[PDB]
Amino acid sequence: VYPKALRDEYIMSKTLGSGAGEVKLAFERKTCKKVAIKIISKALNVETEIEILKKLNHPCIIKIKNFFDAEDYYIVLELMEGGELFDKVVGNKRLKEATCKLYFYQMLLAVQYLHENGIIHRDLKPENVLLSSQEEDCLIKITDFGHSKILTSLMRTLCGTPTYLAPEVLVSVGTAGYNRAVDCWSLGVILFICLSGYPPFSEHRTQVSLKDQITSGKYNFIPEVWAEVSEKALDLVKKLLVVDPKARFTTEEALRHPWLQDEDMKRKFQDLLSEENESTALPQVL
């Protein structure tokens, strides 16, 4: 059975998805509104995630409504009726380039916001991008902060004299503080897949190991599929899939890239925004 404290406030309903975590539809008794409830079976992963989720406040980042610590973990969140981005791209399905742009722009904003706030997601992928409605033009939100990391001991070590300090520590100074680039790489992969309908790196019809494809950065380019796609878009992908994390495009550089200087897309986003907001906008001093 469900915990009594949960049952007190919510009527549990259908399973929306499972599950490595399960997500169920629920109704908040007080409002009769739909919510999502994530059930994580029984720890530190979760308190981190909760505390991270509580502190974050961005339109393209999932918001937590309630939390229950019981025989299992129960996280109550705003419902994303549109489901996973995964479903929109599975089986070589592919979005209009312009839909890619609208989605990708939001992802970039979300991840930029995470980075400004010292948080690295570390598990960005189509299954962790949720759509807010069943419309093709909607708001997206990043979810699943279980692998996240809060961005040191290196700095403290550097404050003193290295008399006893190991060489590898001094060598790590060259690259320290670029952990956030892993998110930009993932975003690069996600965008590749959204644009093209297929994975840049995979074991499909190739003898190169997955590992070797990735560390060499030799993605699978299929001209016939990409010919349909603009060159501005493909150019952005190529700057995200840079092997050297110090050279890789950051979220800011990506947001300043020509493919995203598109005022039509940006208007549509601001629209969906104010649209979502209307129901909760309190009056204000003019």
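What we label the rigid core is the largest C-alpha set whose atoms superpose within 1.5 Å from one form to the other. Note that residue numbering begins at 1 and tracks the sequence as displayed.
Each structure in 9 other deposited structures of this protein is fitted to the shown form on the rigid core, and of 243 to 251 and 45 to 53 the C-alphas lie farther away on average for 45 to 53. Residue 20, present in the displayed chain, goes without coordinates in a third or more of the other PDB entries compared that cover both sides of it.
According to the record, the deposited sequence contains 1 to 3 residues between residue 151 and residue 152 that were left without coordinates. On average the C-alpha atoms of 46 to 54 have higher B-factors than those of the other stretch, with 46 to 54 and 246 to 254 being the two compared. For the pair 89 to 97 and 116 to 124, the record assigns the higher mean C-alpha temperature factor to 89 to 97.
As recorded in the PDB entry, 71 shows the highest C-alpha B-factor of the residues 71, 183, 168, 212. For residue 159, the recorded CA temperature factor ranks within the highest third of the chain's modelled residues.
When all modelled residues of the chain are sorted by CA temperature factor, residue 31 is found within the lowest third.
Per-chain ranking of the deposited C-alpha B factor places residue 196 in the middle third. In this PDB entry, the Cα temperature factor of residue 236 sits in the middle third of its chain's modelled residues. In the deposited entry, the Cα temperature factor of residue 106 sits in the bottom third of values across the chain's modelled residues.
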